[PDB]
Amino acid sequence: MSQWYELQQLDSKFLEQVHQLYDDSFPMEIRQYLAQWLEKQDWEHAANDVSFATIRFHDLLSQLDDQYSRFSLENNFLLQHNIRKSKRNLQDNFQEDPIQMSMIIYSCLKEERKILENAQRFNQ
């Protein structure tokens, strides 16, 4: 039932739009691995409140630790490595001004809904 799952069922024309959305904005790997958690958070509020955005930034890093422990149980060495790279890059890219990560995440989720809007309107 996740928005991420629904996006993946669209036709290639609209999947191409999702590709372009995730060209150097927010890492699509994290968007997928934390889909359920990301889709729960009030990124709109975080995008307008530095203290809340700071908590959500560090919440996200800890959620990636939880993902890591699942992939480790699954003996998935590459995704273990990718989770660790993902965490490092997020900290490099966003820790100085974490509110900007929330602005980007909210915006991506917004654009995803607009793409879904196209797909249901185009389907008729």
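One rule holds for the numbers: they count along the sequence shown, beginning at 1.
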Item to check | Which of 23 to 31 and 56 to 64 has higher mean CA B factor, as the PDB entry lists it | outcome: 23 to 31
Item to check | Mean temperature factor over C-alpha atoms, higher-scoring stretch between 100 to 108 and 12 to 20 | outcome: 12 to 20
Next on the checklist: Taking only the Cα B-factors deposited for this chain, tell me whether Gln41 sits in the lowest, middle or highest third.
Outcome noted: lowest
Item to check | Lowest, middle or highest third - CA B-factor, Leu73 | outcome: highest
